[PDB]
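Encoded as structure tokens, the structure appears first; notes follow it.
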Amino acid sequence: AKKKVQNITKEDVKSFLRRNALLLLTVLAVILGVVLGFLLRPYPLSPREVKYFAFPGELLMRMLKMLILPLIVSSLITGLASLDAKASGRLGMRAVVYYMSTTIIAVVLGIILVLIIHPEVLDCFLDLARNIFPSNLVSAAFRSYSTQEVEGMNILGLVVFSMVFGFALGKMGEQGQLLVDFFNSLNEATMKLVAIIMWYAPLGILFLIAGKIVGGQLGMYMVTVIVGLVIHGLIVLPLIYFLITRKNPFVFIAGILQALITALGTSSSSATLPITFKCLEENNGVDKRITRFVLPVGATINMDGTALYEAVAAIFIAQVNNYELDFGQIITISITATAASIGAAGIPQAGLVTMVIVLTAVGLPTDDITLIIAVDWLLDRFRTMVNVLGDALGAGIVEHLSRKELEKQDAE
Amino acid sequence: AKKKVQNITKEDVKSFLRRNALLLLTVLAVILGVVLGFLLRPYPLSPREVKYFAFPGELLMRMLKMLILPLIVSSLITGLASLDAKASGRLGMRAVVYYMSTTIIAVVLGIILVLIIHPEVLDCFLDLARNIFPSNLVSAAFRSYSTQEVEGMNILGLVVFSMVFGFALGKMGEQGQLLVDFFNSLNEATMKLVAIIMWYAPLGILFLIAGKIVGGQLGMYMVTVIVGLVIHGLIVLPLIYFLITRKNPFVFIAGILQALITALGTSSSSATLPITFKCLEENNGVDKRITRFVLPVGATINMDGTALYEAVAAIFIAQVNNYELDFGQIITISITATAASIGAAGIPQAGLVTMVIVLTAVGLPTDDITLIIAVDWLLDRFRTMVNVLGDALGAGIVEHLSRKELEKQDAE
Amino acid sequence: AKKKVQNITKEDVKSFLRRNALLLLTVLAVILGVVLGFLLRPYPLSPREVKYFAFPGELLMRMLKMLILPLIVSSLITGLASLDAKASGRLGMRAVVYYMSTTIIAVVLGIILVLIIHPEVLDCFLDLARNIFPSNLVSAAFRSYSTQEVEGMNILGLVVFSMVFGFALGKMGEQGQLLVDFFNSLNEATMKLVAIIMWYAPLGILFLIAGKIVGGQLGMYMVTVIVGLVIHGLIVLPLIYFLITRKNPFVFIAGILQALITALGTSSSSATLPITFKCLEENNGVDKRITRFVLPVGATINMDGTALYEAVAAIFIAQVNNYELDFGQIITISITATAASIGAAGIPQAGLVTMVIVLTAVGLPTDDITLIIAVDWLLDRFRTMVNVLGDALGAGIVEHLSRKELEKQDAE
Ligand SMILES: COc1ccc([C@@H]2C(C#N)=C(N)OC3=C2C(=O)C[C@@H](c2cccc4ccccc24)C3)cc1
Ligand SMILES: COc1ccc([C@@H]2C(C#N)=C(N)OC3=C2C(=O)C[C@@H](c2cccc4ccccc24)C3)cc1
Ligand SMILES: COc1ccc([C@@H]2C(C#N)=C(N)OC3=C2C(=O)C[C@@H](c2cccc4ccccc24)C3)cc1
Ligand SMILES: N[C@@H](CC(=O)O)C(=O)O
Ligand SMILES: N[C@@H](CC(=O)O)C(=O)O
Ligand SMILES: N[C@@H](CC(=O)O)C(=O)O
Ligand SMILES: [Ba+2]
Ligand SMILES: [Ba+2]
Ligand SMILES: [Ba+2]
Ligand code: NA
Ligand code: NA
Ligand code: NA
Ligand code: NA
Ligand code: NA
Ligand code: NA
Ligand code: NA
Ligand code: NA
Ligand code: NA
């Protein structure tokens, strides 16, 4: 009742409109995009014509994807070279502990919400191990292994190599410094390009979401995850940030708002990574030393929203199948949904492809994934926002916990 | 009558032979190549054997293509970082204005010469836009998009990215300088390699042209463009250079002679770019700051000879078809032939592939391109020389017009 | 009798076990690998399951292959920039003379051993020439030409380009130094990663050899080459090193032992190159200036063991065919087996693929290669050890012969 009477003052909206021009434009892009897409929905237009329509949104995807490679490689090489090897292990343990806990908490919340509301696989593990260790760095930049090398950048392989290379340069001293300085100039220069890409974003988001918007049991399921992601995203994660930092978490979420709205549009944790960087480094004022450490790793392994969706959908398909509830086999679901969360790449429709792991483990048929394909796209847009939000709050949490190591490196 | 009596003095030919050793060798390579090719023309030898024969000319192509990538990327990153953002816009406006005017003048001359002597397409625009914004920089270095990613370097995508990256580094100051210095050493080092490639050029040009030389209406057509390119190339463009600089243009053409003779052999504006660089920077003494700005851009968009050929061939196929002459539809030909000129890549047989755009716009059948395929190769060799000559004179024109901006950067 | 009574002292084995922990572990990996492979040999397991089994050995291959590219490119660019152009020709002549002589001596020894114990092709030359001059440097990093561009790094193309680039930077002075320093930091940093890869090697070698171990005339043939490689490897090459340096060669072989045991496991001169570098630079204390000069070149052209195997197998298939012994045609075998040695890439099963050249030249049928395929893998493991051992002793021989040039560069 106190904040309500405070809200009626009609104070400073002209200053807000002037400052938040771009932020409000992308919000308007979502509003206009939903309106346009539903207006143009009666489709006497072929999928070829759908591709033609969504083209302005496609150029935004090419623009964002462009920067992913120089962004990850320069961030981890400089970031890990900036820190002392032992401090990097400390920072790393903070990240890993935060990642596993938040993913374990999301999968438990996900299982509880479905148990209340009733709405080869070995080759996958070897392909993952194969990608952690790329045989060629030039090819790793635009191809991933799939048992033989499918198209699309091997983010994980580059994440791992850049880290080991970063540690090596840190151990080289002065001889190493030249290369650390080379990669620092390349990071800031690609960060300077994401400033340009940001002005195109409202035009892109409008067309990217408008194009995608062009039995009843699958209906209740969509409502389950959406509710589950609001509990984790807007209630679980903020109180975690508040409990650790003692800072207002909803003001932090306001800073990374452009990153969430772009995640909602692209449905890629990797594509929105350059914008998550711009938001945290600037708007939230997070340290570059730790955003370069947390964000490229969080974008591929820290998938809180995917984990919640993996558990929900693994139990949802079992409802139709009338599969028996085993006290020990539900434990395998929480284990494999956390496993698939880490595994699944930060790219669209990667959630559904990793369901093969979680469906096999329990003993459910993998061909049931076909039922969940139709509605997936909308749940993917939301799942991505929670996967990004986790890396953003994760950076804020780690930065706060690692202030001693950061103050030592600020000596000179 | 005064220059004629002056020419009879038999003075300084031994000094000319000693100095112009390489220049005269490549001229002799064309003379020996035409003789050898016609001598070996009776072909009881398969296309496989033709490939075997033309192999010394193939090694020259691999050698020149090799350097294109480090040459474009280092030239635009340093070149645009060297200049103040506002001066880069001034230099840019001079280039764009020169490019569009010369291309508009060539297409008008081309249309006049044919109207006196009577001898999907949307997917193309989207593919071009897609290539201006590459989704992966490593893949952009050896692949282009074609609706899905065909082989062959995306020169345009790299031209655009290098420019935006160059502007970014220029805005970084000292932090940026390291990377600008890194790309400056990489430019001069690859420029040092083109000095070596130049000694192989006479052997390559000989075999490259000899291999290619191994109804009657298509006969008069070939004579139309050849005459049209001599009017534009040796009369239109030199008087433009003279009107702007007041310097003798045929002495400038003498400096870039090795670049034209290599264009005549390869039929690629991109492949002869490292040699156009060596000729302008040295022989013509043009500024590196502006050759790095003009030449990589001119090689892909400034296609004067292609534009003249596009107009000539669009009207030539209509002669056979007896297609009606519309005052407003000839205006669409001048517009789409200028459009295709900009579009068409600086690689062999790219002129004929972009005829699809100009034939569709008017309302002529695209399957008529098959008639023009046989004679094309020879017209392509000449068209390329005019496309290169335009970038060479264009550099000389811009350098002269931008002497104030260049004198400011020479302060220290 | 003097070294025998000296060996009975039971002195310093605890110091040896502590120091040579890793060296003895990889030896134990071979012992355990042979035992495990023969134990698991009864195969009710498919080739798919064989791939699953050999997976720890596959990760070692991806790890070693990863570093090959930054290792070759940084070694030759810095190495050749470090030296004066004339000194590089001197060092080069020492290498080339050593390479051709040792390969000529191995093929002569190989021919003698078989003549005592009786147990298109033009397209190949053009493909080699095409690869010496790559048309694209980014593609050269992960593809080779095959008449059109097959997968797998073009080591030769990068070896050649890095050398020409190294010479260019050396001729640039100070402007060049930045890039030389850039590539020096990148060499030491990738050399710092091979230290990590080395700890995985015993686990990898165990599984790499165990997986591969899972008429009678082809039996005697295998014994011929194995004996021939022991004569060249353990008798011919050491006395050559002793005659040149006057240093004990079997103490040198002890230093590069990890490199030979890894060659025995991988059967790739290129994959074991980062470990041959670590052994020579450290264990044998060879100069970085010359290991960067000798080793990347030796890994592809200096194939002593392959040459001996090429001669042995070219004459062995003629035994079955009862092909006539011509005094002049045996001279063509020694010539083409030396030719194929240089040609054949430092990768597994490359020896048998280049037999096409040596079988055609004499007049034997190329389809006979099928008979030698079954036993090849084991002979390849040994052939590789002799191909590596040659580069290792070659570095030691060149370093010793070039001490004047090295002492001049140590001035400052
Ligand atoms: C596969 O998914 C990953 C990769 C990385 C991480 C952690 C992380 C984050 N966020 C980053 N930036 O660096 C390190 C991490 C460590 O736990 C360990 C830490 C580390 C400390 C000290 C020395 C190291 C040497 C090499 C590599 C990592 C090292 C680096 C977690 C999961
Ligand atoms: C697609 O085909 C092209 C690309 C480039 C150009 C012009 C050109 C030439 N020649 C070069 N080297 O740079 C710039 C040009 C401009 O007009 C604008 C100019 C510019 C000035 C100031 C800031 C900029 C920031 C980013 C990019 C270009 C900028 C750069 C013309 C057509
Ligand atoms: C295709 O297989 C090869 C490539 C290289 C070599 C020799 C070698 C070794 N080992 C290395 N590192 O460099 C040079 C070699 C020369 O003989 C010549 C030497 C050289 C000296 C002076 C100037 C040069 C300029 C460019 C290239 C090589 C040059 C370089 C032999 C065979
Ligand atoms: N598309 C999601 C991952 C998923 O498909 O679950 C993301 O990039 O965050
Ligand atoms: N081959 C020409 C372009 C064309 O095909 O018209 C050039 O590169 O200049
Ligand atoms: N595999 C051998 C070459 C060969 O196949 O003969 C090596 O790399 O040394
Ligand atoms: Ba430091
Ligand atoms: Ba400056
Ligand atoms: Ba020096
Ligand atoms: Na998590
Ligand atoms: Na993520
Ligand atoms: Na993941
Ligand atoms: Na023009
Ligand atoms: Na051009
Ligand atoms: Na063009
Ligand atoms: Na040899
Ligand atoms: Na070798
Ligand atoms: Na070889």
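Quick note on naming: the chains in the structure tokens go A, B, ... in the order shown, residues restart at 1 in each chain, and ligands are numbered from 1 in order of appearance.
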
Contacts to ligand 2 at 6 Å cut-off (only C-alpha atoms and all ligand atoms) as a PyMOL selection string: chain B and resi 85-86+88-89+92-93+95-96+163-164+167+293-294+297

Take the residues from that selection and put them in a file with N, CA and C atoms, as a short mmCIF file (atom, residue, chain, number, x, y, z; two decimals), in the first residue's frame.
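What follows is the written file out-v8.cif:
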```
data_model
loop_
_atom_site.label_atom_id
_atom_site.label_comp_id
_atom_site.auth_asym_id
_atom_site.auth_seq_id
_atom_site.Cartn_x
_atom_site.Cartn_y
_atom_site.Cartn_z
N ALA B 85 37.29 9.15 -38.42
CA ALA B 85 35.96 8.71 -38.85
C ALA B 85 35.26 9.65 -39.84
N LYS B 86 35.40 10.96 -39.63
CA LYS B 86 34.79 11.92 -40.53
C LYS B 86 35.54 12.01 -41.86
N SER B 88 37.12 9.49 -43.20
CA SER B 88 36.79 8.21 -43.83
C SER B 88 35.45 8.28 -44.57
N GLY B 89 34.54 9.11 -44.07
CA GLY B 89 33.25 9.37 -44.70
C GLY B 89 33.42 10.24 -45.93
N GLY B 92 35.19 8.12 -48.49
CA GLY B 92 34.14 7.18 -48.88
C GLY B 92 33.17 7.77 -49.88
N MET B 93 32.71 9.02 -49.64
CA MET B 93 31.79 9.76 -50.52
C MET B 93 32.42 10.04 -51.87
N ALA B 95 34.80 8.10 -53.27
CA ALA B 95 34.84 6.77 -53.88
C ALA B 95 33.47 6.40 -54.47
N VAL B 96 32.41 6.36 -53.63
CA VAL B 96 31.02 6.04 -54.00
C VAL B 96 30.52 6.91 -55.17
N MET B 163 36.10 -3.20 -42.58
CA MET B 163 35.80 -1.77 -42.51
C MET B 163 35.28 -1.36 -41.13
N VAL B 164 34.22 -2.07 -40.62
CA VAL B 164 33.61 -1.84 -39.30
C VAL B 164 34.64 -2.08 -38.18
N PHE B 167 37.19 0.90 -38.24
CA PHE B 167 36.57 2.06 -37.60
C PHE B 167 36.62 1.90 -36.07
N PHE B 293 42.09 1.72 -49.01
CA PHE B 293 40.72 2.22 -48.91
C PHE B 293 39.92 1.97 -50.20
N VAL B 294 40.49 2.31 -51.37
CA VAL B 294 39.85 2.22 -52.69
C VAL B 294 39.86 0.80 -53.28
N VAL B 297 37.64 -2.45 -52.21
CA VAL B 297 36.23 -2.11 -52.42
C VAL B 297 35.95 -2.05 -53.93
#
```

Within 10 Å of ligand 6, which residues show up when you count only C-alpha atoms and all ligand atoms? List them as an mmCIF file with C-alpha atoms, in the first residue's frame, please.
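As a result, pocket.cif now contains:
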```
data_model
loop_
_atom_site.group_PDB
_atom_site.id
_atom_site.type_symbol
_atom_site.label_atom_id
_atom_site.label_comp_id
_atom_site.auth_asym_id
_atom_site.auth_seq_id
_atom_site.Cartn_x
_atom_site.Cartn_y
_atom_site.Cartn_z
ATOM 1 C CA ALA C 263 55.126 -42.662 -32.839
ATOM 2 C CA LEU C 264 54.800 -46.452 -32.239
ATOM 3 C CA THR C 266 49.831 -43.154 -33.243
ATOM 4 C CA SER C 267 51.736 -44.071 -36.498
ATOM 5 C CA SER C 268 51.782 -40.365 -37.461
ATOM 6 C CA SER C 269 54.966 -38.216 -37.818
ATOM 7 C CA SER C 270 52.731 -35.095 -37.694
ATOM 8 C CA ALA C 271 50.786 -36.146 -34.536
ATOM 9 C CA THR C 272 53.988 -36.919 -32.574
ATOM 10 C CA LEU C 273 55.699 -33.669 -33.766
ATOM 11 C CA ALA C 299 57.977 -34.601 -40.360
ATOM 12 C CA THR C 300 56.626 -34.475 -43.965
ATOM 13 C CA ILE C 301 59.638 -34.983 -46.362
ATOM 14 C CA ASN C 302 62.283 -36.893 -44.240
ATOM 15 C CA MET C 303 60.725 -40.382 -44.302
ATOM 16 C CA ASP C 304 63.666 -42.842 -43.960
ATOM 17 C CA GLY C 305 61.541 -45.799 -42.707
ATOM 18 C CA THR C 306 58.802 -45.293 -45.346
ATOM 19 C CA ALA C 307 61.488 -45.308 -48.134
ATOM 20 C CA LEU C 308 62.943 -48.653 -46.848
ATOM 21 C CA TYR C 309 59.372 -50.087 -46.696
ATOM 22 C CA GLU C 310 58.516 -48.731 -50.216
ATOM 23 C CA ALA C 340 57.238 -41.498 -52.702
ATOM 24 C CA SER C 341 59.098 -41.127 -49.351
ATOM 25 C CA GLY C 343 55.629 -37.231 -51.175
ATOM 26 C CA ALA C 344 53.804 -39.390 -48.547
ATOM 27 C CA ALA C 345 52.275 -37.289 -45.720
ATOM 28 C CA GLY C 346 53.196 -37.830 -42.065
ATOM 29 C CA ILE C 347 49.859 -39.529 -41.319
ATOM 30 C CA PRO C 348 48.858 -43.243 -40.814
ATOM 31 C CA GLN C 349 48.501 -45.590 -43.855
ATOM 32 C CA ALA C 350 50.105 -42.945 -46.185
ATOM 33 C CA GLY C 351 52.900 -45.407 -47.124
ATOM 34 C CA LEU C 352 50.595 -47.920 -48.858
ATOM 35 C CA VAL C 353 48.663 -45.111 -50.716
ATOM 36 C CA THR C 354 51.963 -43.803 -52.275
ATOM 37 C CA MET C 355 52.904 -47.385 -53.398
ATOM 38 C CA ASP C 376 50.680 -52.897 -42.860
ATOM 39 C CA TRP C 377 49.422 -51.362 -39.535
ATOM 40 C CA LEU C 379 54.973 -52.087 -40.064
ATOM 41 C CA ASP C 380 53.533 -48.514 -40.146
ATOM 42 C CA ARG C 381 54.051 -48.229 -36.304
ATOM 43 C CA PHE C 382 57.740 -49.104 -36.798
ATOM 44 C CA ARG C 383 58.246 -47.092 -40.073
ATOM 45 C CA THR C 384 56.958 -43.987 -38.217
ATOM 46 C CA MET C 385 59.564 -44.423 -35.400
ATOM 47 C CA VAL C 386 62.395 -44.422 -38.049
ATOM 48 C CA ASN C 387 60.802 -41.368 -39.856
ATOM 49 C CA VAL C 388 60.751 -39.442 -36.492
#
```

Nearby polymer residues, ligand 10, at most 7 Å, only C-alpha atoms and all ligand atoms, as a PyMOL selection string: chain A and resi 98-103+302-304+390

Residue 366 of chain C surroundings by only C-alpha atoms, 7 Å radius, close-in-sequence under 4 positions cut, as a ChimeraX atom specification: /C:356,359-360

Could the residues of chain A within 7 Å of chain C, counting only C-alpha atoms, be given as a compact mmCIF listing (two decimals) with N, CA and C atoms, in the first residue's frame, please?
```txt
# COMPACT_ATOMS: atom_id res chain seq x y z
N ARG A 130 34.61 -35.81 -27.60
CA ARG A 130 35.32 -35.50 -28.84
C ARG A 130 35.34 -34.01 -29.10
N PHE A 133 37.71 -31.82 -26.87
CA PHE A 133 39.07 -31.90 -27.40
C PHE A 133 39.08 -31.84 -28.94
N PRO A 134 38.89 -30.65 -29.57
CA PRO A 134 38.86 -30.59 -31.05
C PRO A 134 40.18 -30.97 -31.72
N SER A 135 40.13 -31.75 -32.81
CA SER A 135 41.32 -32.17 -33.53
C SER A 135 41.91 -31.06 -34.41
N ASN A 136 41.11 -30.01 -34.71
CA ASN A 136 41.50 -28.87 -35.55
C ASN A 136 40.79 -27.62 -35.08
N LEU A 137 41.56 -26.59 -34.67
CA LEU A 137 41.07 -25.32 -34.14
C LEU A 137 40.37 -24.44 -35.16
N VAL A 138 40.86 -24.44 -36.42
CA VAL A 138 40.27 -23.68 -37.53
C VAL A 138 38.90 -24.28 -37.85
N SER A 139 38.80 -25.63 -37.92
CA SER A 139 37.52 -26.28 -38.19
C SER A 139 36.56 -26.13 -37.00
N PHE A 165 44.69 -22.16 -22.93
CA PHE A 165 45.58 -21.20 -23.57
C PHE A 165 45.77 -19.96 -22.67
N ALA A 168 48.07 -20.87 -19.84
CA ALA A 168 49.42 -20.94 -20.40
C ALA A 168 50.07 -19.56 -20.49
N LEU A 169 49.35 -18.56 -21.06
CA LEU A 169 49.83 -17.17 -21.20
C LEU A 169 50.07 -16.48 -19.87
N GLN A 175 56.57 -12.38 -21.83
CA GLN A 175 56.49 -12.99 -23.16
C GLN A 175 55.02 -13.22 -23.51
N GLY A 176 54.25 -13.65 -22.52
CA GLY A 176 52.82 -13.89 -22.65
C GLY A 176 51.99 -12.63 -22.81
N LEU A 178 52.17 -9.78 -24.48
CA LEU A 178 51.89 -9.33 -25.85
C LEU A 178 50.60 -9.94 -26.40
N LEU A 179 50.48 -11.28 -26.30
CA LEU A 179 49.32 -12.04 -26.75
C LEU A 179 48.08 -11.74 -25.94
```

All alpha helix (DSSP H) residues (DSSP, backbone) inside segment 116-160 of chain A, as a PyMOL selection string: chain A and resi 116+121-132+137-140+155-160

Straight-line distance linking atom CA of residue 370 of chain A with atom CA of residue 205 of chain A, stated in Å to one decimal: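 Interatomic distance here is 27.5 Å.
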
For atom 6 (C, counted along the ligand's line) of ligand 1 and atom CA of residue 265 of chain A, the interatomic separation in Å (one decimal):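 Calculated distance between atom 6 (C, counted along the ligand's line) of ligand 1 and atom CA of residue 265 of chain A is 27.4 Å.
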
Residue 90 of chain C environment, 12 Å, only C-alpha atoms, sequence neighbours closer than 3 positions dropped, as a list in words: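 The neighbour list is residues 80, 83, 84, 85, 86, 87, 93, 94, 95, 96, 97, 290, 293, 398, 399, 401, 402, 403, 404, 405 and 406 of chain C.
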